[PDB]
Structures are given as structure tokens and as C-alpha cells.
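[1] here is the sequence, then the experimental structure:
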Amino acid sequence: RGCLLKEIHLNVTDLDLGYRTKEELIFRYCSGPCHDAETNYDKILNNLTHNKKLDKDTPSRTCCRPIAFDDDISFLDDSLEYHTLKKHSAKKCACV
Amino acid sequence: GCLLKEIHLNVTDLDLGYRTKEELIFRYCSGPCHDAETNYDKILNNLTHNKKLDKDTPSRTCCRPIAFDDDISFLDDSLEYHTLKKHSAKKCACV
Amino acid sequence: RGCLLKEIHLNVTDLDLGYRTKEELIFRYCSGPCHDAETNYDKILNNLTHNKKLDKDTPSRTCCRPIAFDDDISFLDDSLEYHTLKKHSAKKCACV
Amino acid sequence: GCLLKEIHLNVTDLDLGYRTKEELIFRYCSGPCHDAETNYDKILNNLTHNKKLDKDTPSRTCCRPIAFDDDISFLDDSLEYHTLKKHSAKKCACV
Amino acid sequence: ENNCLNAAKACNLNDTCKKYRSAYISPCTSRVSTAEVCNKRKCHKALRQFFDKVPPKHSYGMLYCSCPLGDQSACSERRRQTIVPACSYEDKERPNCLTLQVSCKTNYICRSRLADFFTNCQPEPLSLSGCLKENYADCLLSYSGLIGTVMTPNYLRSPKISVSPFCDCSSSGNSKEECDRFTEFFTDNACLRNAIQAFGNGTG
Amino acid sequence: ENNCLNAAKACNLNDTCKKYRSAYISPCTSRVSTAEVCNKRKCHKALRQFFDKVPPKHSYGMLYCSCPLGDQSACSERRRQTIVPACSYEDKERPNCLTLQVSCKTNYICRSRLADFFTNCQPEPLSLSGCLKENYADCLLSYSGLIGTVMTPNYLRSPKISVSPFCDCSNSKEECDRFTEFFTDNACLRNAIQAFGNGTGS
Ligand SMILES: *[C@@H]1O[C@H](CO[C@@H]2O[C@@H](C)[C@@H](O)[C@@H](O)[C@@H]2O)[C@@H](O[C@@H]2O[C@H](CO)[C@@H](O)[C@H](O)[C@H]2NC(C)=O)[C@H](O)[C@H]1NC(C)=O
Ligand SMILES: *[C@@H]1O[C@H](CO)[C@@H](O[C@@H]2O[C@H](CO)[C@@H](O)[C@H](O)[C@H]2NC(C)=O)[C@H](O)[C@H]1NC(C)=O
Ligand SMILES: *[C@@H]1O[C@H](CO)[C@@H](O)[C@H](O)[C@H]1NC(C)=O
Ligand SMILES: *[C@@H]1O[C@H](CO)[C@@H](O)[C@H](O)[C@H]1NC(C)=O
Ligand SMILES: *[C@@H]1O[C@H](CO)[C@@H](O)[C@H](O)[C@H]1NC(C)=O
């Protein structure tokens, strides 16, 4: 648990991707604590950073990220042209 | 980008509470995953910039291990055996 | 061949399961003697208990029990609210 | 709850009529089966309290063996062999 | 006491009816989320399966049970709950009947049943029976054929028998006349009313 | 706001309508070559799929959305682009209507969809509804059922509501004028499209 999917209603313009339209969308993202799913690999990384054994590198630990992307969404812009977006929302999450 | 690195260490360099003079080879993932970002990542940055997602702070691409290395065992000063599993990375990838 | 399946016609209220309804049902149970299916294990338990070798453990001998439960039953109570019961009647018996 | 127990006995302590000095280990099932209760059981308890069922006393969940142990053979005083089957429990379960 | 309750008694004492009655009660009553009260799709699929495999003596004997006055009696309410209306009938949104006719006409099975209903339950004021086609049985089946579909009908809380689908004629536009003719064929139809009453008369 | 723009919003917010709307926009908006603007065959197959899977409240709410009757209104333009006419409707050569009927009648599905259209959308000046058959729904479906065939119709730019296939009429010509008039000026079709819009709007 913890790592969980959350939803929001936005204008297409709220994504600030440069489009010019009045359409709307529903955006889903992954957010939550992934402390419960840490491996010995993660603990070692945390102890190496504390003791500065690994001099400079900053390896990453468990991340709450999407493992499945949502269906594609299409919209119509002010100039009567069609645009389609892929991999814009998350369908399923996991501590990975 | 997301590449695997090696680092020779003691078994006590891991600060896991073990008592031994044994040694190990530790492999970790470190690299940029910028060339593998998607619309989902760009949307998150833009929403966190204008602060539409005021409370939360979701994660973008993470250079993480997708397969762990083999197990490692060692003997301590008290002549007791210990085995670790999932302690080093075998292969990395942008997740 | 002695552990048989018997039938009884009852009110739902005759089961005293807390319901208030005028619906009816057919209840089926197992009853019979399992002396024909006893093994060395049973007659050992009978003797050991007589000798009191076993410290009041009183293990159970062969029982005439169901091996297959009947279909579920649903009824409507006096308050116009639906209920359903599972594993209430016996479809097949056997000396277990 | 329904568990398996062991006892060390003589073939004579079973009072099956045998005359021998051989020994054995007898395993049986004993424990409670309240966790494996079904409505069918409860209905039987409520009907026996009342007198709906006529002198039937049906049986509720029993703690019984679901698998018997290997056979056992012994030699009696008269230099004769006997073999017993389905005499000890190998696996128990609420039935 | 109540012909409608005697129909249930006969059903639970019939192995085939008992099995399939519970088959549709459980899905239409088992919640799946704080928002959803049931899996409406699986609920309708069990209803249709109930009227297909349960013999008609028992299945329809419960749906058309004879009640003195189907308004606010125990007999009337037991009959209203036969299809579990909280799951199969009602809904969060009440559609316009034009949109509901379009939705039914896309699906082949719904279209055929709706066409058979308006053909076989046509009323005729000059007929002693009330039905133009002069066959109660053909009208009952056609109506029952709409239960599990998007056009699920159920008894309304009225003095006399009144059934309807879950649709309304809110539009004040000129289409209100064609919408009224659709609902009136369900609500006030002397052929369907005589058939339902006629069947309960027989299984009483 | 436009009833058409609100319908598109309601589609994107419905997972089923969003998925299948994107399913037909992509092929009709993906260029296969410099000469060919799209895989018209795959564009038509995705349109038909959109009207079969999406519930009618959304699918037909966008197609038959209510406009203010303003000439070249934003709603009307949005509604006109509903089918991606640049790929499904338009074509290099405008055929004669006699030849287009022969093509539609060779394909069993188009033939039936056309027969169902004429039968169910017959006008009647005497009828208050305008339809001889007196069922708007049966006329709306028969029309939409043509949206994925060679006889694909789409709105024309007029002050009124006019729909036409991609055909033109030029020995005998009156029979061809009757065919085009059945789409362009049919009081049964016009009244139905303005009935659904009244119901699925506010
Ligand atoms: C099903 O229930 C009926 C009704 O229960 C009776 O009335 C209750 C108020 C209570 O007093 C119960 O103890 C009663 O049994 C049963 O039918 C009645 O049975 C009694 C006992 O013989 C008899 O005197 C009544 O005339 C019966 N009919 C009535 C009360 O209307 C019936 O036995 C139960 N079992 C079935 C139907 O299988
Ligand atoms: C088999 O029987 C013998 C008796 O013949 C049991 O041995 C006796 O055990 C008790 C309790 O320790 C002693 O007080 C006796 O002196 C024993 N008798 C002899 C002759 O040694 C023996 O315990 C039995 N076998 C098992 C497994 O219990
Ligand atoms: C959508 O756009 C309107 C107009 O800019 C804005 O007020 C609104 O907050 C946006 N988001 C939602 C969910 O309506
Ligand atoms: C291992 O331990 C020794 C001291 O016992 C230390 O000098 C050495 O640096 C350690 N290994 C590494 C890789 O540093
Ligand atoms: C739709 O509503 C308008 C406005 O009331 C009305 O003039 C028109 O006749 C209606 N069309 C229908 C119901 O088909």
C-alpha cells in the first residue's frame, strides 16, 4: 500500500504543453510512501550515502511510479485541428 | 544513461551490524533517464511548477535495478554463517 | 450405506437464526451409523479410551457428515429486505 | 485447532488380542473445529435445542484424519506375522 | 394470506426455482463499492437467466402475482421487489425516452423485444379483452422480454397496475407528444393490465 | 458554452468514450504517404466502432449536438469535424450519384443501411412530427448507420441543418435530384436531429 493512484480534473491548457483549446481531461498520477518495499540493496545505499562511502554518486531508492499507462486522449483545438496524446496518465502503480 | 557501477568494499562498510573481515563487490545503478521521459513526466513537472499539485510531490523516471545479483554468504568472528539476498544490482533500466 | 440424507420442511424462523420472515425452506441433513466404515484406527481409539491411556483427549471416531453442500437459498423478510444463506443444507453425505 | 499427536505404546496396549513384545508409535487427531463452522452446523444446534429433529442427534464438524499412515507389521510369540492397515493418522483436518 | 407470498414459498420448495432465484438475488444485492450498489450488468444477466431456466408456472407466478390493489400493500410491495429494483431498475440519472429508445435499438436483443411488445400488447377499446391481437400470452412474454435489458420495466406505486421504464419526457419541445405516446403505452394500457391480472387469476 | 463543446468534454471524462474517440481520431489523422491523407478504410472501421461501443448519450450527443442555428457558428464547425471529414467524407473525385449508389448496393452492409435510411426517414407534410413512420429514433439510427460506408454523410455549411453525401447530379436526372433532396431537405431527418439535441442538452 501507500503508493496509490490519485486523480484530478484539469483544462487541457493547465498541462502547459503549448496547446490552444478549451477541452478538458482527467489526469492520474502515482504518489505514496515506498518505505515498506525497500530491499537490502536500498538499505546499503542509505548507509553508504550517510557514511559517504560512495563518494559522489547519488543512486535512487524505491520509487512510487506508474507500471501501466492510461488509454490515449484526443482533443480539438481552436484552429479546428486534432491532437492526440499518448502516455499522459497512469493506469496502475507500484513501488518499483 | 542509466548504467551499472561497481565498488569494492568490506562487509562492514555496509553498516548492517555484522562482525567480519570478509569483503564484497557491490553494484549499483546511477545515470540520467532524461532521454526516456514521457508526456506523463512533462505534465508532472509543469503541474509542480505552477503548483496545481500543491500537496503531493510525485516521482519521475528513476534509474533503478530491474534484476538483482546472486546471493552472498560470509563467516563472522563468532564462527556463525550469514547470508544476504537482494543486496546488489545485476541489470539496470529506467523505471 | 447407513449414513443417509434426510429431509425436513420448516419455516425460516424455525432455524432461530435471528430472521423475521414467513418464507419456507427444505432442510437436508446427514444422519446414520458409520459402523461399517470404521477402521483399525477407530477400534484402537475405543480401546485406548477405555484403558484411559489417552489423557482425556477423547479423539473422535467416524462421523456421518456432509461432503457436498446444497445450493444457496434467498428470502424476503417482513421489512421488505433481501437476505441470502450459504452452506445451510446438505447435498451429499458420507462417513468421514 | 485440529492437530496431530503421538504416543509410544506396545502392540499389547491396543488390546486388539495380539500377543507380542513389539512396539509402535500411534498418531491421532484431536482439537477444536469452531473455526470451520457452517450455517448447516448452527442450524443443527438450534434444531436439537428445540425438538424439531426427532431423536436424530446429527453430528457437527469433527476433527478427523484425512490421510492414514503407512502399514505396520510385527511378529507374535507363536512365530506368526500380522499386518495392520489404516491404524494411525498421517494428516488431520476439520471435516 | 397473500398470493404473492405463496408464490415465493412454492419457489423455495422447488429445487430449480430456489437455485436460480438466489442466483439473481445475490449479484443484485452484493455491493462492489461505496458508489456502486451492484454490478448492474451481472444483475441483469441473472434476471434473464432466471426467466429462461425457471419454469414459467413458478417464475411468472411471482412476477404477476394477483394482488387485491397494487398500491401500498404487502402484496404490492413484495411484487415491486421481485426484480430487485434498487439495482436493476433505478439509476443515478433518469434519461430522456428518446435517448433510451436509441440505446435499446442499437442492441439487437433489446430491439426485437421492444418491437414485439408494441405489436402484441396493442390495446383496442372496442375489444372485450382489451388487446387488439386477442392473445394475453403473447403480450406477457413480450413484456417479460424487456426485464433484463436497458428498458427494464417495474410496477409503479399507483392504485391500479401501472408499469414503466426508467425514462421521462422532461423536454418541453414539440417532441413531448411522441414521448408521451411511448410512456402511455406502458403506464396506461388496458391490454397489458388485463393480461397481468388474468395471469394472477389463474395462479391463485 | 456550446452544447457541442460540452459534449466533447463529457466524452473525454468518460473512459469508454475517451478511449474509442481517440481510437478513430488517430487513423483518420495519421498520414500514410504524401499522396494519401489517411487509411480511409481503417478510418471508417474506427468510426463504426465508435458508434457501436460508446453509449448513445455521448456518441450521438456529439454528432447531433444542439447549435444556436448561427451560420458558421463555432459549435457547427466543431460538429462538422466530428467525423474527421478530411479523411472519411471528402475525396479527390466527386462521383455521380448514380455510380455511388451502384457501389453502395454491391456491399451488403451499405445496401441494407441505405434501405433502412429511406424507409425510416420518409417525410410526410401532413404529419405533425414530419415522419411518415412517426419514430425519430428509427430515423436517427438509420442515418448514423451510414457514417462508416461509402455513403458517409456529413453536415453542409448552411444557415439551416443540411446533410449530404459526397455526390453530385448532372439522360435522366430527376431520380438523381430526388436522392440528393432526401438528405438535404427532409423535415423528418431535420426534426429528429433537433429532438435528440433538445434531450441531451440544457
Ligand atoms: C411454518 O409456520 C407455520 C405457522 O407457524 C405457526 O404460527 C406461529 C405464529 C407460531 O405459533 C408457530 O409455533 C406455529 O407453528 C406452521 O403452521 C402452523 O402450525 C401450527 C402447529 O401445528 C398449527 O396449529 C397452525 O394451524 C399452522 N398454520 C398457521 C399457524 O397458519 C408450519 O407448521 C410451519 N412449517 C412449515 C410450513 O413447514
Ligand atoms: C511395554 O510394556 C512394558 C511392560 O511389560 C512397559 O515397561 C514398563 O514400564 C514401566 C514404566 O516405566 C515400568 O515401571 C515397568 O517396570 C516396565 N516393565 C518392564 C518389564 O520393564 C513398557 O513401557 C511398554 N512399552 C511402552 C512403549 O510403553
Ligand atoms: C477549467 O477551465 C476553467 C476556465 O479557465 C477554470 O476556471 C477551471 O478551474 C479549469 N478546471 C476545471 C476543473 O474546471
Ligand atoms: C576493507 O577493509 C580494510 C581494513 O580492514 C580497508 O583498508 C579497505 O579499504 C576496505 N576495503 C575497501 C574497498 O576500502
Ligand atoms: C427543440 O427546442 C426548441 C426550443 O424550445 C423548439 O423550438 C423545437 O421545436 C424543439 N425541437 C424538437 C423538440 O424537435
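    Arrived safely, thanks for sending. Residues are numbered from 1 along each chain as shown, chains lettered A, B, ... in the order given. Ligands and ions are numbered 1, 2, ... in the order given.
[2] just the CA trace of stretch E:126-144, in PDB.
    This file holds the C-alpha atoms of stretch E:126-144, laid out as PDB (Å, rounded to 0.1, in the frame of the first residue of the first chain):
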ATOM      1  CA  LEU E 126     -63.700  -1.900 -28.600                       C
ATOM      2  CA  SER E 127     -62.400  -5.400 -27.600                       C
ATOM      3  CA  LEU E 128     -63.800  -7.300 -24.600                       C
ATOM      4  CA  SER E 129     -60.300  -8.500 -23.800                       C
ATOM      5  CA  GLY E 130     -58.700  -5.100 -24.400                       C
ATOM      6  CA  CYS E 131     -56.000  -6.500 -26.700                       C
ATOM      7  CA  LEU E 132     -56.200  -5.900 -30.400                       C
ATOM      8  CA  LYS E 133     -54.200  -9.200 -31.100                       C
ATOM      9  CA  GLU E 134     -56.600 -11.000 -28.700                       C
ATOM     10  CA  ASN E 135     -53.800 -13.100 -27.000                       C
ATOM     11  CA  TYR E 136     -52.800 -12.500 -23.400                       C
ATOM     12  CA  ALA E 137     -49.900 -14.900 -23.500                       C
ATOM     13  CA  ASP E 138     -48.100 -13.200 -26.400                       C
ATOM     14  CA  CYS E 139     -48.300  -9.900 -24.600                       C
ATOM     15  CA  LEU E 140     -47.000 -11.300 -21.300                       C
ATOM     16  CA  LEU E 141     -43.900 -12.800 -22.900                       C
ATOM     17  CA  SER E 142     -43.000  -9.700 -24.900                       C
ATOM     18  CA  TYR E 143     -43.200  -7.600 -21.700                       C
ATOM     19  CA  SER E 144     -41.100 -10.100 -19.800                       C
END
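[3] do you have the strands of the chain handy? List them.
    All of this refers to chain A. Using DSSP state E, the strands of chain A run over residues A:4-11, A:24-31, A:64-69, A:73-76, A:82-85, A:90-95.
[4] you looked at the wrong chain, it should be chain E
    Counting by DSSP E, chain E has strands at residues E:154-155, E:163-164.
[5] ok, residues contacting the last one?
    Strand E:163-164 is contacted by residues E:143, E:153, E:154, E:155, E:156, E:183, E:186, E:187, E:192 when judged by C-beta atoms under 8 Å, 6 or more residues apart in numbering or on different chains. C-beta here means a position set from N, CA and C on the backbone, and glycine is covered the same way.
[6] what's the spacing between that strand and its chain's center?
    Its chain's average C-alpha position is 7 Å from that of strand E:163-164, according to C-alpha atoms, centre = their mean, to the nearest Å.
[7] same question, the first one
    Averaging C-alpha coordinates over strand E:154-155 and over its chain gives two centres that are 5 Å apart (C-alpha atoms, centre = their mean).
[8] before we move on, back to that, with ligand 5 as the reference, name the closest of the strands of chain A.
    Among the strands of chain A, strand A:73-76 comes nearest to ligand 5, with 25.2 Å by C-beta to the nearest ligand atom.
[9] contacts for the closest one?
    Contacts for strand A:73-76 (C-beta under 8 Å, 6+ apart): A:12, A:19, A:21, A:23, A:25, A:82-85, A:88-89, F:8, F:12, F:18, F:21-22, F:25-26, F:78, F:81.
[10] the same query, at a cut-off of 10 Å, please.
    Here strand A:73-76 makes contact (C-beta atoms under 10 Å, 6 or more residues apart in numbering or on different chains) with A:12, A:19, A:21-27, A:82-86, A:88-89, B:39, F:4-5, F:8-9, F:11-12, F:18-19, F:21-26, F:29, F:77-78, F:81-82.
[11] list buried residues within those residues.
    A:12, A:21-27, A:82-83, A:85, A:88-89, B:39, F:4-5, F:8-9, F:11-12, F:18-19, F:21-26, F:29, F:77-78, F:81-82 (16 or more other C-beta atoms under 10 Å in any protein chain shown).
[12] who in chain E is up against chain F?
    E:93, E:95-106, E:111, E:150, E:168-179, E:181-182 (C-beta under 10 Å from any C-beta of the partner chain).
[13] those in helices, which ones?
    Counted as lying in helices by DSSP state H, out of the residues of chain E next to chain F, are E:97-106, E:111, E:176-179, E:181-182.
[14] near chain B, from the contacts of strand E:163-164?
    Subset of those in contact with chain B: empty, counting by C-beta under 10 Å from any C-beta.
[15] and of the residues you listed, the nearest to chain A?
    When the contacts of strand E:163-164 are compared for distance to chain A (C-beta to the nearest C-beta), residue E:154 wins out at 33.9 Å.
[16] contacting residues around that closest one?
    E:79-85, E:88-90, E:147, E:163-166.
[17] excluding chain neighbours, what is closest to residue E:118?
    Leaving out its chain neighbours, the residue that sits closest to residue E:118 by C-beta to C-beta, 6 or more residues apart in numbering or on different chains is residue E:185, at 6.5 Å.
[18] wait, the one you found touches residue E:120, no?
    No: between residue E:185 and residue E:120 there is no contact under C-beta atoms under 10 Å: 11.8 Å.
[19] got any residues that touch both of those two?
    Listed contacts common to residue E:185 and residue E:120 are E:191, E:192; contacts here mean C-beta under 10 Å, 6+ apart.
[20] residues contacting residue E:187?
    The contact partners of residue E:187, taken as C-beta under 10 Å, 6+ apart, are E:156, E:158, E:161, E:162, E:163, E:164, E:180, E:193.
[21] and with 6 Å instead?
    Going by C-beta atoms under 6 Å, 6 or more residues apart in numbering or on different chains, residue E:187 touches E:162, E:164.
[22] residue of chain A nearest chain C, please.
    Counting by C-beta to the nearest C-beta, chain A gets nearest to chain C through residue A:1 (30.0 Å).
[23] distance check, that residue against ligand 2.
    54 Å (C-beta to the nearest ligand atom, to the nearest Å).
[24] quick one: contacts of stretch E:27-37?
    So stretch E:27-37 is contacted by C:82, E:38, E:39, E:42, E:43, E:46, E:84, E:87 (C-beta under 6 Å, 6+ apart).
[25] which ones among those residues lie within helices?
    Of the positions in the contacts of stretch E:27-37, E:42, E:43, E:46, E:87 sit in helices, assigned by DSSP H.
[26] tell me which of those is nearest to chain D?
    residue E:46 (22.1 Å).
[27] surely the closest one and residue E:22 touch.
    No: Residue E:46 lies out of contact with residue E:22 (C-beta atoms under 6 Å); the separation is 9.5 Å.
[28] how near is the residue of chain E found nearest ligand 3 to ligand 5?
    With C-beta to the nearest ligand atom as the measure, residue E:35 is the residue of chain E nearest to ligand 3, at 19.7 Å. Plainly put, residue E:35 is 33 Å away from ligand 5 if you go by C-beta to the nearest ligand atom.
[29] check residue A:79 too.
    On the measure of C-beta to the nearest ligand atom, residue A:79 and ligand 5 end up 31 Å apart.
[30] now residue E:54
    From residue E:54 to ligand 5 the distance is 43 Å (C-beta to the nearest ligand atom).
[31] no further questions, thank you.
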